[PDB]
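Engineer: Got a structure for you, written out below as structure tokens; questions coming shortly.
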Amino acid sequence: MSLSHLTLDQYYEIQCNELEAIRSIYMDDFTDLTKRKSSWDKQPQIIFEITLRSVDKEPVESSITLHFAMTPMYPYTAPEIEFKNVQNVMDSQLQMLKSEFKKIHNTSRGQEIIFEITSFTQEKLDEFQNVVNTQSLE
């Protein structure tokens, strides 16, 4: 309807702030996937991946990788999240987080959501290992 005053370039500042903001939390638990590796800069979108997992190793480690993508419209638009590795977790936990991603974004519609999504998944994930519907041998 009205797109001129603030160009997409403005969103770059907000997106970049999330990288440095989260980087401080996962200084080591951070993964670089942007088109920067090796080269200096090509078609980077700021997007980045973060390593997540339970708090302990027993009964499992529940390790999952959350990759968030800051669309060229965000926060105007909604980013993209995808789980990787997924060992202990089967899928119920993965899909469960996706549903919560809607509530988090709705409340953070305009602000940082990388920390919210990571915290929500981390908190819920850790609590899982403690109380998970064990079954063994599917």
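Residues are referred to by chain and number: the chain letter is A, B, ... according to the order shown in the structure tokens, the number counts from 1 in that chain, and ligands are numbered separately from 1 in the order shown.
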Give me the residues near residue 15 (chain A) as a list in words, where near means some atom within 10 Å (using only C-alpha atoms) and where sequence neighbours in that chain fewer than 5 positions away do not count.
Structural biologist: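 Within the cut-off, the hits are residues 10, 20, 21, 45, 46, 47, 69, 70, 71, 72, 74, 75, 111, 112 and 114 of chain A.
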Engineer: Output the selection as a PDB file, in the first residue's frame - N, CA and C atoms for each residue.
Structural biologist:
```
ATOM      1  N   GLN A  10      16.594  -0.489   5.216  1.00  0.00           N
ATOM      2  CA  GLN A  10      16.363  -0.204   6.627  1.00  0.00           C
ATOM      3  C   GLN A  10      16.253  -1.495   7.432  1.00  0.00           C
ATOM      4  N   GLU A  20      24.326 -10.068  15.662  1.00  0.00           N
ATOM      5  CA  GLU A  20      25.261  -9.684  16.713  1.00  0.00           C
ATOM      6  C   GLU A  20      24.648  -9.903  18.093  1.00  0.00           C
ATOM      7  N   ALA A  21      23.340  -9.688  18.194  1.00  0.00           N
ATOM      8  CA  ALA A  21      22.633  -9.862  19.456  1.00  0.00           C
ATOM      9  C   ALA A  21      22.648 -11.322  19.897  1.00  0.00           C
ATOM     10  N   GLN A  45      22.294 -12.843   2.664  1.00  0.00           N
ATOM     11  CA  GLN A  45      20.969 -12.380   3.058  1.00  0.00           C
ATOM     12  C   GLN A  45      20.891 -12.172   4.567  1.00  0.00           C
ATOM     13  N   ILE A  46      22.031 -12.309   5.237  1.00  0.00           N
ATOM     14  CA  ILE A  46      22.091 -12.134   6.683  1.00  0.00           C
ATOM     15  C   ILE A  46      21.700 -13.417   7.408  1.00  0.00           C
ATOM     16  N   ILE A  47      20.860 -14.221   6.765  1.00  0.00           N
ATOM     17  CA  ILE A  47      20.411 -15.479   7.348  1.00  0.00           C
ATOM     18  C   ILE A  47      21.569 -16.228   7.998  1.00  0.00           C
ATOM     19  N   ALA A  69      15.772 -17.428   8.483  1.00  0.00           N
ATOM     20  CA  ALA A  69      16.084 -16.587   7.334  1.00  0.00           C
ATOM     21  C   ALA A  69      15.324 -15.267   7.397  1.00  0.00           C
ATOM     22  N   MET A  70      16.064 -14.165   7.443  1.00  0.00           N
ATOM     23  CA  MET A  70      15.458 -12.839   7.504  1.00  0.00           C
ATOM     24  C   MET A  70      15.096 -12.340   6.109  1.00  0.00           C
ATOM     25  N   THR A  71      13.882 -12.657   5.669  1.00  0.00           N
ATOM     26  CA  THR A  71      13.415 -12.242   4.352  1.00  0.00           C
ATOM     27  C   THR A  71      13.753 -10.780   4.084  1.00  0.00           C
ATOM     28  N   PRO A  72      13.805 -10.411   2.795  1.00  0.00           N
ATOM     29  CA  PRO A  72      14.116  -9.040   2.377  1.00  0.00           C
ATOM     30  C   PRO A  72      12.995  -8.063   2.713  1.00  0.00           C
ATOM     31  N   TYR A  74      11.146  -8.726   5.943  1.00  0.00           N
ATOM     32  CA  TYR A  74      11.062  -8.801   7.397  1.00  0.00           C
ATOM     33  C   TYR A  74      11.515  -7.492   8.037  1.00  0.00           C
ATOM     34  N   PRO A  75      10.923  -7.165   9.195  1.00  0.00           N
ATOM     35  CA  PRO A  75       9.898  -8.004   9.824  1.00  0.00           C
ATOM     36  C   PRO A  75       8.589  -8.005   9.043  1.00  0.00           C
ATOM     37  N   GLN A 111      10.057  -7.246  16.002  1.00  0.00           N
ATOM     38  CA  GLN A 111      11.287  -7.287  16.785  1.00  0.00           C
ATOM     39  C   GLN A 111      12.049  -8.585  16.532  1.00  0.00           C
ATOM     40  N   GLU A 112      13.099  -8.810  17.315  1.00  0.00           N
ATOM     41  CA  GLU A 112      13.911 -10.014  17.175  1.00  0.00           C
ATOM     42  C   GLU A 112      13.108 -11.258  17.539  1.00  0.00           C
ATOM     43  N   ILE A 114      14.729 -14.462  16.694  1.00  0.00           N
ATOM     44  CA  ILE A 114      15.748 -15.503  16.722  1.00  0.00           C
ATOM     45  C   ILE A 114      15.958 -16.029  18.138  1.00  0.00           C
TER      46      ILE A 114
END
```
Engineer: Could you give me, as a tab-separated table (two decimals) with N, CA and C atoms, in the first residue's frame, the residues within 9 Å of residue 63 (chain A), counting only C-alpha atoms and dropping anything in the same chain fewer than 2 positions from it?
Structural biologist:
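See part-v3.tsv below for the written result:
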```tsv
chain	number	residue	atom	x	y	z
A	51	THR	N	23.09	-23.71	16.53
A	51	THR	CA	23.09	-25.06	17.08
A	51	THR	C	22.32	-25.11	18.40
A	52	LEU	N	21.33	-25.99	18.47
A	52	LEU	CA	20.52	-26.14	19.68
A	52	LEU	C	20.49	-27.60	20.13
A	53	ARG	N	20.16	-27.81	21.40
A	53	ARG	CA	20.09	-29.15	21.96
A	53	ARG	C	19.69	-29.11	23.43
A	54	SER	N	19.36	-30.27	23.98
A	54	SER	CA	18.96	-30.37	25.38
A	54	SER	C	20.03	-29.80	26.29
A	60	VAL	N	18.94	-38.68	26.58
A	60	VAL	CA	19.34	-38.37	25.22
A	60	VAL	C	19.99	-36.99	25.14
A	61	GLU	N	20.41	-36.61	23.94
A	61	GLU	CA	21.05	-35.31	23.73
A	61	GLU	C	20.12	-34.37	22.97
A	65	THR	N	19.18	-28.30	14.84
A	65	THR	CA	19.71	-27.06	14.29
A	65	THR	C	18.60	-26.17	13.75
A	84	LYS	N	17.28	-29.42	11.49
A	84	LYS	CA	18.24	-30.33	10.87
A	84	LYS	C	18.73	-31.37	11.88
A	85	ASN	N	19.48	-32.35	11.38
A	85	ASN	CA	20.01	-33.41	12.24
A	85	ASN	C	18.88	-34.22	12.87
A	86	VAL	N	18.22	-33.63	13.85
A	86	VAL	CA	17.11	-34.29	14.54
A	86	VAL	C	17.44	-35.76	14.80
A	87	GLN	N	18.02	-36.03	15.97
A	87	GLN	CA	18.38	-37.39	16.34
A	87	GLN	C	17.30	-38.02	17.23
A	88	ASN	N	17.40	-37.77	18.53
A	88	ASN	CA	16.44	-38.31	19.48
A	88	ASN	C	15.01	-37.97	19.06
A	89	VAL	N	14.79	-36.71	18.69
A	89	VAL	CA	13.47	-36.26	18.27
A	89	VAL	C	12.99	-37.04	17.04
```
Engineer: Taking only chain A into account, list the residues labelled alpha helix (DSSP H) by DSSP (computed from the backbone), as a PyMOL selection string.
Structural biologist: chain A and resi 8-23+92-107+114-130
Engineer: What is the CA of residue 92 (chain A)-CA of residue 107 (chain A) distance in Å, reported with one decimal?
Structural biologist: 23.7 Å
Engineer: Near region 116-123 of chain A, counting only C-alpha atoms, which residues have an atom at most 9 Å away, once you skip same-chain residues fewer than 4 positions from it, shown as an MDAnalysis selection string?
Structural biologist: chainID A and resid 50 52:55 66 94 97 100:101 104:105 108 112 127:128
